[PDB]
């Protein structure tokens, strides 16, 4: 087994020619953000053509262009090619270079994972893609087409593909404006599909509340669904209400639910809490960028304390939460033995809110491992309370305080606690906090005292 993995490098002709023999022999070749261009795709094509062991080829984030992409796909058509995973993400693929796709997909019968995200192929390019995907020999488990300039006209071709395939595990069409009617067509294709779908991501696709009865039908039809991402869509409370009945089915084993920025408010959060209380399988939930408000937060906390809830990660960044909701999180941090990660950044908690949280965390029997309190209007006056937490808490490993109102004095109070070798914290995050060279010296002195301590800025 041989693997090569390059991330973020400027490959000179010198450093490049070195790799050619490797690319001709290795099972795994990843050349991501390596400044590759079309000038290098013939090397890649030749190398790959002579590589019967190659199973993964990733060239994400390189300016290959249509010619470069064309040359690469050409080299993948040897009866010897064994490739299973292919990524041409962000490679400058346009509709102009998609004419080759139908041929490539017909011959690559070993292909299981295809990443074409961030290529502006558009609907014309997508249709050519689906002509390949339609080929009986094309059997993908995973397809990623995030941000490819697709609209509603692409939905029928995609739906037609889903109906006749059975191996699909993951589908991402995020950041394409499919619109309400396009999303309905897609859902219908998923329902009619025999595929045991595990992951579905449709962020920012023009989904509305009107689509939510169909998405409910989709969920119900896929007992294998583990991850559902409907973020950045105007679902609203009504949309959530139409969605929840499917999430509540005994057969639903959803593990991750991403609902970032879905125009959800308190009552919609209420609908979801019903799901939290009944679905022990649900481990990760994001409601970030929704105006849940304190009432919303109160509902979550009460649900989190129910025996039926085993939530492990909760994302509630930018949810209009104030100090008034913090007593309810206290009860959670004190009682819940499942919550390990709590993202509450960009909420106007203030010193009050954070001081309250510190009260619960200043006990040694908590389980919380990661807490984000960035941009929560925390000042120097809240840092002594945080300092105490760092002394007394025996679970917290990471604490994020980026983008707050504190300065050197506040930060210094935190460093003092970290001087103690018994402190549990492994990582303190302080982006965009300004302290003078004097504090920095105290900061770097600590880092050399405790090399295992990560302070990020």
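Residue numbers count along the first chain shown, from 1.
- Of the two stretches examined, 335-343 and 96-104, the record assigns the greater average C-alpha temperature factor to 96-104.
- Comparing 355-363 with 211-219, the stretch with the higher mean C-alpha B-factor in the PDB entry is 355-363.
- Looking at 395, 404, 58, 51, the one whose CA carries the top B-factor in the deposited record is 51.
- Looking at 145, 386, 73, 273, the one whose CA carries the top B-factor in the deposited record is 73.
- Per the deposited record, the Cα B-factor of residue 400 falls in the lowest third when ranked against the other modelled residues of its chain.
- Residue 250: CA B factor in the highest third of modelled residues in this chain (values from the PDB entry).
- In the PDB entry, a CA B factor belonging to the highest third of its chain's modelled residues is recorded for residue 80.
- Residue-level temperature factors show residue 317 in the lowest third of its chain, judged at the C-alpha atom.
- Ranked within its chain, residue 44 lands in the middle third, by CA B factor from the PDB record.
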